[PDB]
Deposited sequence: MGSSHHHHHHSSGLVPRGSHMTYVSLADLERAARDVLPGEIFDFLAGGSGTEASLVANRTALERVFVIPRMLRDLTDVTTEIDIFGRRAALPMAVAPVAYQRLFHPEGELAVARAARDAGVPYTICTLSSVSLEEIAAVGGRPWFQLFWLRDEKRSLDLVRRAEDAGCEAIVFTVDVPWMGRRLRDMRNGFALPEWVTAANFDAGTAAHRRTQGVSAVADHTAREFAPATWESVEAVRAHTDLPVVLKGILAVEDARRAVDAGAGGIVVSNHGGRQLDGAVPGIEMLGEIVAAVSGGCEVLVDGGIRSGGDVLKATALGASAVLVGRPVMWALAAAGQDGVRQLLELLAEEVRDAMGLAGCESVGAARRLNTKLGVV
């Protein structure tokens, strides 16, 4: 029995080898951006509304042509077999059963076709490959397998400096591989190549500048994820939650605006929604649940988040996620 996401972190910390826990937990550099993701959420307070009709409270949203049970998707996290032997299959099954989109990674430890076969209308996260032709072939594989959106990660020209991994001498165990294989930096030209190659919605993950959000809309993106990559890329990058309101105003409904980084409760989902997010991604907590108890762990996490989201929405007077987006917020201290 878990009553908060923090219960799952404690359980994952028990079970995982230290170096693997550090791979999961860590950020780049001094971990300033990692810590700031939490600090930034903790400073946001919601102004709830009272006395509204709550006879049909629903946490559902429509996004990228699909109904989702919550305004949430599982974030792309590479190499999930590091955390449990069933890896991506356990997580994708739990996500499917919960009605939550699952993001299949370019660096998945089980092939994208196997994970897509689980069902649940999955998304696919793209890292740009050595050339256009191979990148587009990977997009086409994902589309052929029934993925419903391409989440193009745009904040990784290369991987950040993860000092925990350097100090630990961390490397993949021989039994964990990039199962989609037997990279070069993305540009706006890469985005255009992807957009022309698929009719699936293209979602740019890792946008923080307002003008990059605008340009994403102009480039034909169906969504963006406002994100500092969980503090794993540029150390000192602003948290996504701190740019979200400005970005939502700037795109002016031109694309879906998601956010990630440090979402650890249904209350945090509500804060994100109140700042204007269409939905959130959740990364580390899903992996804690996977490490702790496999598929059943992830199921319990998603059930817990669903109850927390419903609870927060109703206490704030919101019968729908749209209503939650119209909530006001106030910044506080600590």
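Residues of the deposited sequence missing from the coordinate set occupy positions 1-21, 204-225.
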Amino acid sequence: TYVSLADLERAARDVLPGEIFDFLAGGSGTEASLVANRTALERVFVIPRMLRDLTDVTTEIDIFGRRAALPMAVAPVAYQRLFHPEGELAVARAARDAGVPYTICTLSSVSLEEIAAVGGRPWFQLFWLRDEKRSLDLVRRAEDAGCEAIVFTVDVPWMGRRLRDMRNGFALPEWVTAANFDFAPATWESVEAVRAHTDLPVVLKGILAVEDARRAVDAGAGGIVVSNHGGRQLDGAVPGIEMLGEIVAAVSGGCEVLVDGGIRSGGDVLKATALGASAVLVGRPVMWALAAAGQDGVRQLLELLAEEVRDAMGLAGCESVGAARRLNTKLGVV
From here on, numbers count along this sequence of modelled residues.
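Basically, rigid core = biggest C-alpha set you can superpose within 1.5 Å across the two forms.
Annotation: of the segments 128-136 and 258-266, 128-136 departs further from this form in 7 other deposited structures of this protein (C-alpha atoms, root mean square over structures and residues, core superposition).
Omission of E113 is seen in none of the other entries compared for this protein where the adjacent residues are built, far below a third.
Of the other structures of this protein that model both sides of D182, a third or more give it no coordinates.
Of the two stretches examined, 59-67 and 300-308, the record assigns the greater average C-alpha temperature factor to 59-67. Stretches 238-246 and 185-193 differ in mean CA B factor, with 185-193 having the higher one. Of the candidates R134, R264, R215, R232, the deposited coordinates give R134 the top C-alpha B factor. For the set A75, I150, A171, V259, the PDB entry puts the maximum C-alpha B factor at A171.
In this PDB entry, the Cα temperature factor of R284 sits in the bottom third of its chain's modelled residues, the lowest group. Annotation for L204: CA B-factor lies in the lowest third of the chain's modelled residues.
Ranked by C-alpha B-factor against the other modelled residues of its chain, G160 falls in the highest third. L24: CA B factor in the middle third of modelled residues in this chain (values from the PDB entry). Residue-level temperature factors show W175 in the highest third of its chain, judged at the C-alpha atom.
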